[PDB]
Structures are given as structure tokens and as C-alpha cells.
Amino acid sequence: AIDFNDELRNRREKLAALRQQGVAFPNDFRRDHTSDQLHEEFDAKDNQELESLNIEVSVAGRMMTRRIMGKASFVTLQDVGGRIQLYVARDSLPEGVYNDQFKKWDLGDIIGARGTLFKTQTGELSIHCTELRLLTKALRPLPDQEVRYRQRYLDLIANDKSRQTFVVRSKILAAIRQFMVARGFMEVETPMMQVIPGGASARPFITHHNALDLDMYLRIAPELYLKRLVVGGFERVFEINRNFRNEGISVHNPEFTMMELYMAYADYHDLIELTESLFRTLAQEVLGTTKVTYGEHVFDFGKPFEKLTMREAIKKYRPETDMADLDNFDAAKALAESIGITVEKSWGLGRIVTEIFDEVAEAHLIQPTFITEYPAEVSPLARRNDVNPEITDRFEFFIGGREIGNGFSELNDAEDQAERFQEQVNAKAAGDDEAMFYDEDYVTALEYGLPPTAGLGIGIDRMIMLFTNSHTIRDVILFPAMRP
């Protein structure tokens, strides 16, 4: 209780002493090795080898543990690559350093060490220090469960598993890029600020551009811009970046990372194949196996995902459903309301059926699953099905009961797109706050001619969860949006 306030006072006082001696915060020590490198190269060597090799190295990091035993001490130093042992002895260091400096430092302090590699009696790799310095005085001791999110730096210092999660996120993004580029896709950057938001249905964030006296929107999706690029001739493009949806912070984050990709002369079937390869590749290359453990489940990304139509999923998860009800507006509305769905005045049959699917099946799609036949009403940007114009060549895919991706054969029929935008404008007029805005320039782009194309959006944060056994999106986002 009070012992903490003493740690603080003690560290301040030690800092005051440093200031009196000269420059309290230097920037001069240079390391030439991180712990992981030392382990990779030297863990397999016994003390006899290291003795003859006589390898001197320099490391730096946070002093995590210290056991002072008179004339000698043992320190665990934690850097970007993990931890390495330091053997700190009075007579190995320059005169006075051990007793007048080292012993006065505190756990949490950033230190630098140079010395010779060897192995302890316990067989651990260690550095027999010949030089040791205090680089940064830590004014605070080493560290609900919200603290992890409000002070992620404390989470990263303390928890090896949190660190590994974020290192894996970076490995996954790099591997996605490598996967995409190998398939001839080119990464592009489209606006975050848009005059007309689109490419999805969501309440947007609005901001005022002080200069051009205009109201701008943070993007809910880059879709309409990416398809303009395909019209332009960039027939294989992808973008990995944020979308912003003014929903709630219900562990949901207002901003999240999405990858969208478009490939001309392909349909949704090609996206299905690409999705399966991507997951199999990521699992194999990043995790070492195609069988991934997530909670109480195992996902085999080496086997094809399940494929069901939206109606098959509804029937499978609410077997008592009279499927004929989904063909009649009144019946579908009644069914929807009976399962707790508030049916808005603007909704049509296709929207109601989709909402029923969400309520009924989504949570149960645990194993990787593609759900096809999304109604036209809820897919204003998707190609109509040749046989039944009321459904589109669109799928969403789910893993662990969450939506991971959304893909479709793109609507390249400009006149149809205009009509569908108009319907969305009518829906907003009828109360649909999330309906799409009419985008004339986008229609114009389609009039110049969009090649037949397939596009896919994949929630990167959700994907990261599945590969790191995280069960809240907040565990894979470095700095989650936190309530004040």
C-alpha cells in the first residue's frame, strides 16, 4: 500500500542524484545483439565451445530480475527478442561500477551490457559482463482487467503471451501481403476521408473539413474506390487498412482493419478458393500446422470450408421453421418478430430473411463456413444471380460464430447499380439510417466499363483472433478504443 509510494519516492531520489552527476538520460550505448539472436546461435553450444570461441556481445533492455549475492549477481534482461541472463560481478566490471552504480539500480530500469558468452551450471546462456550501464531510470516499478487495454505498454512488459500475439499479428499481415503479391495483386491506398461514404451499410463518423467548409465522412469501406481502380485497369488490387463504423464499443471496436481485394475475370467461386488457400497458407506458414486450436475447438484449414445457402443455414439451425414462410412478406415478418427481431418499416423480404439468418444461424457457424445466396435487397453492389434476380452471387464466411469475410461477383451493370442506389436512397427516406448514398461518379465509372470482377473483404482483426486463440477483438488490437 504505502510500500508503492516508497518505490516512487526512491526512484525520484535516485534520478535526482543522476541529474546532479551529469546527463541523467544519455543516448549513447549501442548493442549488437538481441536475446533471441544469442539463443538461436548459441543455445546449442556447451560451455567448452563458448570458452574457446570467447564471443563478446552487447545487449540492452529492461532489468526484469536481479539476485544480488555479495560480490556477484544474476540479472534477467528483457529486450525485443525475449530474455537473456547477465552475470554481473564486482571484479569483472570497472572499479566502483558494481557497488556505486549497479547495486543502486532498480528493476524496470533500462540497462546496457557488454560481455562474454558462457553457460551457467544450469546450462543457461549468460553474459559475463565487463561493462554495464544504466540507460533509462524507471520512475515506476514493473507492473478490472481493463488495465491491459488502457496501458498496453504494461501488458507488453509483463505478459509474454500478449507480446507473442502482436508479433503474430505482424507476421500474419506480412504473410498476407506475400500471399497476395505472389498472385499478382497490387496494394493500393484509397481515401479514409470521403465526400460520399459507401461500400457497406453502417452509421458513419462525420468530420468537418475546416478549410473547404465541407462535411466529410470517415470511410466505412474502400469498395467503391477500389472498383474504380479496376475500371482504370488495375485488375488485381488489394488494400489493407482501417474502416470506421459509428456503432458501439461492445467488445466491436469503432475502427478496425479490413483487407479488400478485387480480381477481374473471376467470380465468387474464385474468392472461395482464394479464401481457403489464404487460411491454409497462413496456418501452415505462421502456425506450423493447418489444424488450429481456438477455444474448445479445432479448425482444420487443410480441409474445404462448409458451404450452405442462407436458407439451408436457417433450416439447419431452426429445423422447426416452415421454409415457405421465407417466401411471404407477412409470414417472414411474423417469424422474424417471433425470434426477437424488430422489423423496420423500410425492410423488405430479402432483408427480413437475412436478419432471420443472422439471429438463427450466425452464432452456430463454428467451423469455417461459406454462406451463399444473399438477397439482392441487402447486396446493392453484388452481381445478380442469373437464374433468380432476387439473390446475388454473394457469400459471407464465418469461423467461430463470427463473420470473417464478405465476398461477391461484382455488379458491373451500371444501369442496375443506379437503380439499386436509388432503392437505397428510398430506404433511407423510409428510415434506414444505414442505407447507402447515391454515388453518381461511381455509376459513371461503371458506364466506362468494369470488367467482370470478384471482390472480397476480410476482417483482419477477427482473423488474428482465430490464429492467436484470442476471444475478444480487444486482444488483437494494440490500443482498443476504451470508454472514458
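Quick note: we count residues from 1 along the sequence shown, nothing fancier.
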Practice problem: Might you work out how many residues are unmodelled in the deposited sequence between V251 and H252, and answer none, 1 to 3, 4 to 9, or 10 or more? | Solution: 1 to 3
Practice problem: Scan the PDB entry between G295 and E296 and report the missing deposited residues as one of none, 1 to 3, 4 to 9, 10 or more. | Solution: none
Quiz item: So 256 to 264 or 358 to 366, which one's hotter by mean CA B-factor in the entry?
Solution: 358 to 366
Quiz item: With respect to the recorded C-alpha B factors, which stretch has the higher mean value, 46 to 54 or 450 to 458?
Solution: 46 to 54
Quiz item: Quick one: which of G407, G288, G401, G348 has the biggest Cα B-factor according to the entry?
Solution: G288
Quiz item: At the C-alpha atoms, which of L224, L125, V231, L282 reaches the highest B-factor in this entry?
Solution: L125
Quiz item: Among the modelled residues of its chain, does the C-alpha B-factor of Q37 lie in the lowest, middle or highest third?
Solution: highest
Quiz item: Based on the entry's values, in what third of the chain does the Cα temperature factor of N27 lie: lowest, middle or highest?
Solution: middle
Quiz item: Looking at the C-alpha B-factor of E373, is it in the lowest, middle or highest third of its chain?
Solution: lowest
Quiz item: Would the CA B-factor of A60 place it in the lowest, middle or highest third of its chain?
Solution: lowest
Self-check item: Third of chain Cα B-factors occupied by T342
Solution: highest
